[PDB]
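Below: the structure, in structure tokens.
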Amino acid sequence: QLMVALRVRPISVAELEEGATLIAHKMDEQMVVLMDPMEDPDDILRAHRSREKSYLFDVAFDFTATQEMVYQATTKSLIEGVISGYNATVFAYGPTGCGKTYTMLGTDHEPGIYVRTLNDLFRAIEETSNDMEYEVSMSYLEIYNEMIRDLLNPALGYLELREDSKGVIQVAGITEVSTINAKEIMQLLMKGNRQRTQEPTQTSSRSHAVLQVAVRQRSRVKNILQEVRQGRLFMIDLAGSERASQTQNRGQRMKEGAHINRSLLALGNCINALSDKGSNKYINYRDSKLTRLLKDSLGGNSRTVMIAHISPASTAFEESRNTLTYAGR
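According to the UniProt record's numbering, the sequence shown holds residues 11 to 211, 215 to 342 in order.
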């Protein structure tokens, strides 16, 4: 069961100075159109065949939506399931500068999905600790060129995911920080983030940040057995696909693009399999990194939420068209 959202960030000053116009438009609460701008010395077109193309999503947002509104429309509903033992996943997807980190982390003035979700999580827990015992743990790490960082413990840089007795993949050694408040979770991500590989030339356009929250629930009634539940929420902020011909990436850079492109392909192969057929033959989780971690999650009785991001800027038309196509339902 998959949900796909598209977020349009407001246009930027840098874009206006480059001379960009608005070509992306929320038309509808779940429809976005993308105007084609134009540029000679062609076109042999007009003969347009658009001009304008439409795109539909489970939900859509532009600058009118607040942080809280995107939270409420994307991930709030996941919470009930997670504390009940079900698994869930939220991706921020899109090109660099289109909004991923803002949607997921937010700012002090404007908090994103991480904290709004952690918040309703702890309230949901209290509202039901009459009946239930709960344990909550969260971690915040980085995957950069298939190499982990933990974001906390400084001594590991190559963690390999291992299977338990029931074939469930899970990162081995991955630190696990106990968090008793929202102010602590934010500090952990801010203190650990600095570790996230940045642009050798700013964060690296190749850095996944994974926030994972684990929740164990058992009954307070002891004279009746009942299953002990364990839900796992993954909240992920990634980078963008790189056309290596452009950029002209070499060595550390050249190889860097090969990975990101590989991981995004793998991910695309996994979500495509989950969306369609069908036993299956087994959904290709074994494709690559970021997948080893998400293996036991993302399956039959688990939820996925993808939030695609674009610029509304004319100067971004090609990227936006790729994004809209990819996420387009």
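Ideal Cβ positions, reconstructed from N, Cα and C, are used throughout, including at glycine.
Residues bridged to residue i (per DSSP)
i: residue 239; result: Note: residue 239 sits in no beta bridge, so no partner.
i: residue 231; result: 143
i: residue 321; result: 16 and 103
i: residue 326; result: 32
i: residue 173; result: 179
i: residue 208; result: 216
8 Å CB neighbourhood of residue i in its chain, flanking five on each side removed
i: residue 330; result: 33, 44, 46 and 47
i: residue 260; result: 266 and 270
Which of helix, strand or coil DSSP assigns to residue i
i: residue 151; result: strand
i: residue 92; result: helix
i: residue 67; result: coil
i: residue 221; result: strand
i: residue 180; result: strand
i: residue 192; result: helix
i: residue 316; result: strand
i: residue 114; result: helix
i: residue 158; result: strand
Option nearest residue i by Cα separation, candidates the options
i: residue 31; options: 332, 327, 181 and 339; result: 327
i: residue 121; options: 76, 156 and 84; result: 76
i: residue 144; options: 131, 153 and 151; result: 131
i: residue 98; options: 325, 201, 310 and 341; result: 310
i: residue 84; options: 96, 27, 127 and 157; result: 127
i: residue 275; options: 216, 142, 11 and 304; result: 304
i: residue 218; options: 39, 224 and 206; result: 206
i: residue 87; options: 62, 318 and 291; result: 318
i: residue 61; options: 334, 342, 202 and 260; result: 334
i: residue 190; options: 125, 165 and 164; result: 125
i: residue 81; options: 11, 236, 17 and 35; result: 17
i: residue 253; options: 64, 70, 241 and 273; result: 273
i: residue 299; options: 289, 292, 282 and 290; result: 282
i: residue 164; options: 201, 188, 29 and 341; result: 201
i: residue 72; options: 338, 341 and 323; result: 323
Contacting residues, own chain, Cβ-Cβ under 6 Å from residue i (five flanking each side not counted)
i: residue 208; result: 217
i: residue 279; result: 300, 301 and 304
i: residue 223; result: 151 and 249
Beta-carbon proximity list for residue i, same chain, < 7 Å, skipping 5 on both sides
i: residue 40; result: 66, 67, 68, 69 and 70
- Message: Using 8 Å as the cut-off, can you tell me whether the region 238-247 makes contact with the region 91-98, which would need three or more C-beta pairs spanning the two stretches below that distance?
- Response: The region 238-247 makes contact with the region 91-98: 3 or more CB pairs, one atom from each, lie closer than 8 Å.
- Query: Using 8 Å as the threshold, is the region 225-245 in touch with the region 138-155, meaning 3 or more CB pairs across them?
  - Reply: yes
- Below 8 Å, can you find three or more Cβ-Cβ pairs linking the region 180-198 to the region 163-172? The answer is yes - the region 163-172 touches the region 180-198, with three or more Cβ pairs under 8 Å.
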